[PDB]
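Enquirer: Just dropping in an experimental structure and the matching sequence.
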Amino acid sequence: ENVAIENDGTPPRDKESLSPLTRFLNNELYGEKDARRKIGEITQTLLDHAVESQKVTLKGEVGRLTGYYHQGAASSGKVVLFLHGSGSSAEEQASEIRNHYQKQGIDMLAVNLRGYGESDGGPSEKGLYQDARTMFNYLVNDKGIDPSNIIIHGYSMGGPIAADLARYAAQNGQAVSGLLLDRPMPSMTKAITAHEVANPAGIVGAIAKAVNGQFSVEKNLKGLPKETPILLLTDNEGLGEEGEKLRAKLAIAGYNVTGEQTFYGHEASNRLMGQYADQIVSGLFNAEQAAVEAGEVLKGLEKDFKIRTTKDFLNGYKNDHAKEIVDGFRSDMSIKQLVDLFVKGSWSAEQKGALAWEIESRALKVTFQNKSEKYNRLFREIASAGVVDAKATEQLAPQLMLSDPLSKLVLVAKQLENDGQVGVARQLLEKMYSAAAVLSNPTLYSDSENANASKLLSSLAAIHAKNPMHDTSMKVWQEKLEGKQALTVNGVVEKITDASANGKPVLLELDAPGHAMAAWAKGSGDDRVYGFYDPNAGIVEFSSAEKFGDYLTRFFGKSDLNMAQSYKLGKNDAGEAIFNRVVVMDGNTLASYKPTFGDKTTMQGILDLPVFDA
């Protein structure tokens, strides 16, 4: 089924083309026929120095797939499959990037897809994925690269394609080493309307509506093992803006997504590869992860290094206020250098608040990784056994190396989600991740976006200081099951699972003496799902009430994980665990609460705060 593929041949090159609409759609999608094939003479002159492997032609599914293979350098034996984007030839797109791998001693396979360069055929989505695999099958069979220490690379469109290939390789047991989404197209539809302006309704939107669900990175990645390292590097233009939106979706879903947003334009290959080549080639193996774990626990030491109510501190807790009145501090410094700026000359009540925001805003991004594998293992064990669950989700929700606030909110969301709205729990997390990236690199993103993130950050802080349970103006709870009316572990499963209500939400808050957790039920009939948020173990939902019981008991009890003992909560009369307190909460009351006196944004308004303006 997967034999050798090399084949030389020397005719001129074939084509497709159809009905005059679909022609000047295909032109819009993939580039004009001539533009696809033009190789510029300066490149050809350089490539005509295949005088020191260097030229390639493979048997594609609809014809020949021409291109070039590029050797390593003067001196640890690995290759970059390069999948090119639309608009130009593979030789032109690669010419800029082809050198930065070369000099490190990395090979690269730059092969054209159907309809590009000198390759036979006409561009087609199902076909372009097929041609990508041909290039892959040239690397392992024809040139026998070791199982897989190869990276995909990964481009505008090359991205969606790269994603698809990476899934096929894994599914077929030839699992590739790394994926690189280099300034990628999130989806064809969104790639069109981004480079064009806003959201027109004429032809540009008719094309977009036509090409819906084509070249979708998230859609092509579903199937890929989540451990597979993905490096996602975005441009500074509107395709990055949609790329960073994607990044968050991919992070929360749980893919191994690294990288940042660049400040380079979508066509600026040489400048981007100029900076990121090191980070890219250090991005395909696993220590690596040890080397950033070390620098990770670094800032964990510096958090242990580390008034909240007093009016002076709150006057200084905001963006760009430290840069005026606190000397010694630059805006480009690390947390290591900012926390050291705290302990040099130690400051007034207002100046301490100014550094607090500046430190805790950088800190937000560091809350999301890591997560201990046991919690992922336990989630996978529950989905595996029995009738596998359709809506079994898992979200990397921020773990606040610092809950108190999130746990209040996750419940607000599920009320809203029960009332017909949907995804807002998931969206909150993404927006928190997005806001982190914005605050943790302030220069890149706009004045407005820096401002919006510091409002979501502010709202989280305001819930931290002023709790709804510690409040008298309204009552956000229905009842408090504590004392000898306190619920057992299975007692929480019963209130959540009991279907004597089948159209209403069950919004619990599970209070251990250290950490404060939550759990819920929403939905109608088939859609009815039961869920649980732990601060330092992410979120899980299941639509099978039995699978919820399996997880939740294995989470706390001795059967598997035994996280009850470790979460330091006392035993009941028979000798089992019972939470300190268990709040059955009112969603509508809680959703109307405002954390700041003077500000009119409610808990539901906090959920719907923007981060990226649009």
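Expert: Everything's here; your move. Numbers count the residues shown, from 1 in each chain.
Enquirer: Check the secondary structure at the spatially most central residue of the chain for me.
Expert: Per CA atoms, centre = their mean, the C-alpha nearest to the average position across the chain is that of residue 251, at 2.3 Å. Following DSSP: H, G, I helix; E, B strand; the rest coil, residue 251 is assigned to helix.
Enquirer: ok now do it, which residues does it touch?
Expert: If you count contacts by CB atoms under 8 Å, 6 or more residues apart in numbering, residue 251 has them with 257, 368, 396, 430, 433. (Each C-beta comes from the backbone N, C-alpha and C, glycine too.)
Enquirer: so which of those residues comes closest to residue 49?
Expert: Taking CB to CB as the measure, residue 49 sits nearest to residue 257 out of those, at 37.9 Å.
Enquirer: any idea which helix or strand carries the closest one?
Expert: Using DSSP states H and E, the element containing residue 257 is strand 256-258.
Enquirer: In terms of secondary structure, what does that strand contact?
Expert: strand 229-233, helix 238-253 (3 or more CB pairs under 8 Å, 6 or more residues apart in numbering; DSSP states H and E).
Enquirer: Could you identify which of the contacts of residue 251 has the most neighbours?
Expert: residue 433 (25 neighbours; other CB atoms under 10 Å).
Enquirer: List the contacts of that one.
Expert: So residue 433 contacts 247-248, 251-252, 368, 398 (CB under 8 Å, 6+ apart).
Enquirer: redo that, cut-off 7 Å
Expert: By CB atoms under 7 Å, 6 or more residues apart in numbering, the residues touching residue 433 are 248, 251-252, 368.
Enquirer: Residue 592: neighbour count?
Expert: Residue 592 is flanked by 15 other residues according to other CB under 10 Å.
Enquirer: Pretty sure it sits against residue 602.
Expert: Yes - the criterion here is CB atoms under 7 Å, and residue 592 meets it with residue 602 at 5.3 Å.
Enquirer: if we can go back for a sec, just curious, which of the contacts of residue 433 is nearest to residue 234?
Expert: Ranked by distance to residue 234 (CB to CB), those are led by residue 248 at 11.6 Å.
Enquirer: Could you pull up the residues touching the closest one?
Expert: 430, 433-434.
Enquirer: which ones are touching the residue nearest to it when sequence neighbours are not counted?
Expert: Distances taken as CB to CB, 6 or more residues apart in numbering place residue 430 nearest to residue 248, at 4.0 Å, with adjacent residues excluded. Counting by CB under 7 Å, 6+ apart, residue 430 touches 248-249, 252.
Enquirer: Just the ones of the contacts of residue 248 in strands?
Expert: Among those, none falls in strands (DSSP state E).
Enquirer: Would you reformat those residues as TSV and include distance to residue 107?
Expert: As requested, these are exported to TSV (distance: CB to CB, whole Å):
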residue	distance to residue 107
430	37
433	35
434	36
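Enquirer: hmm, who's touching stretch 83-99?
Expert: In contact with stretch 83-99 (CB under 7 Å, 6+ apart) are residues 29-31, 35-40, 43, 47, 67-68, 70, 82, 108, 110-113, 116-117, 132, 152-158, 161-162, 269-270, 273.
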